[PDB]
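Trainee: Sharing a structure, written as structure tokens. Questions coming.
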Amino acid sequence: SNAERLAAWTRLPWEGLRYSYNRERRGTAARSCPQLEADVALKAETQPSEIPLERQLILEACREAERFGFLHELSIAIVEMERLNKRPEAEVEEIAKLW
């Protein structure tokens with residue numbers, strides 16, 4: 001779905017990316033950031049690999065946004081942050097095709 005694509009497109013660090021997720025989850029029963037962080041940290045250590053924990057965290061956050069219906073709002077917010085980091089418009093175009 002667009003959750004895996006968005007998680008695939010973003011370059012934001014989790015420390016920054018966590019803010020939009022926390023911001024866009026208002027009004028939903030979605031997991032908080034510490035709940036996500038605790039859940040993902042355990043899931044990472046139950047199947048250890050070379051996959052960075054940051055990638056698993058970001059993918060879990062995008063999936064949770066999709067389950068509880070604020071993935072579109074989260075995609076807009078992530079693109080906003082990337083544009084603040086001067087992410088090239090050519091790369092923003094790749095994710096803009098979801099819209």
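Residue names in the structure tokens use chain letters A, B, ... in the order shown, residue numbers from 1 in each chain, and ligand numbers from 1 in the order shown.
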Mind checking which residues fall within 7 Å of segment 68-73 of chain A, counting only C-alpha atoms, ignoring those fewer than 2 positions away in the same chain, and posting them as a PyMOL selection string?
Mentor: chain A and resi 24-25+28+30+62+64-66+75-77
Trainee: Mind the document's chain letters and residue numbers, and return as a PyMOL selection string the residues of chain A that DSSP labels helix (DSSP H, G or I).
Mentor: chain A and resi 2-9+14-24+33-46+53-67+71-84+89-96
Trainee: Restricting the calculation to only C-alpha atoms, which member of A:2, A:59, A:37, A:80 is positioned closest to residue 20 of chain A?
Mentor: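 When distances to residue 20 of chain A are compared using only C-alpha atoms, the smallest one comes from A:80.
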Trainee: Using only C-alpha atoms for the distances, tell me which of A:89, A:94, A:54, A:4 is nearest to residue 17 of chain A.
Mentor: A:54
Trainee: Name the residues in contact with residue 91 of chain A at a cut-off of 10 Å, using only C-alpha atoms, excluding same-chain residues fewer than 3 positions from it; report them as a ChimeraX atom specification.
Mentor: /A:9-10,82,87-88,94-96
Trainee: May I have the selected residues written with N, CA and C atoms, as an mmCIF file, in the first residue's frame?
Mentor:
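Below is the file again-v1.cif, written as the result:
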```cif
data_model
loop_
_atom_site.group_PDB
_atom_site.id
_atom_site.type_symbol
_atom_site.label_atom_id
_atom_site.label_comp_id
_atom_site.auth_asym_id
_atom_site.auth_seq_id
_atom_site.Cartn_x
_atom_site.Cartn_y
_atom_site.Cartn_z
ATOM 1 N N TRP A 9 9.996 6.067 0.770
ATOM 2 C CA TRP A 9 10.445 7.305 0.136
ATOM 3 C C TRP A 9 11.199 8.228 1.098
ATOM 4 N N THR A 10 10.744 8.314 2.347
ATOM 5 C CA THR A 10 11.262 9.276 3.320
ATOM 6 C C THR A 10 12.723 9.072 3.725
ATOM 7 N N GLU A 82 10.378 17.146 4.673
ATOM 8 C CA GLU A 82 11.415 16.904 3.674
ATOM 9 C C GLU A 82 11.713 18.164 2.873
ATOM 10 N N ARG A 87 14.719 18.577 0.373
ATOM 11 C CA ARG A 87 14.586 17.399 -0.467
ATOM 12 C C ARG A 87 14.233 17.828 -1.890
ATOM 13 N N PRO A 88 14.964 17.360 -2.901
ATOM 14 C CA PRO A 88 14.732 17.833 -4.271
ATOM 15 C C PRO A 88 13.310 17.570 -4.744
ATOM 16 N N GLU A 94 8.326 11.668 -6.957
ATOM 17 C CA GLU A 94 8.133 10.223 -6.850
ATOM 18 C C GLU A 94 7.059 9.876 -5.826
ATOM 19 N N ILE A 95 7.010 10.609 -4.714
ATOM 20 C CA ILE A 95 5.980 10.378 -3.708
ATOM 21 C C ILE A 95 4.693 11.134 -4.024
ATOM 22 N N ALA A 96 4.769 12.217 -4.803
ATOM 23 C CA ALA A 96 3.574 12.965 -5.173
ATOM 24 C C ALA A 96 2.644 12.168 -6.076
#
```
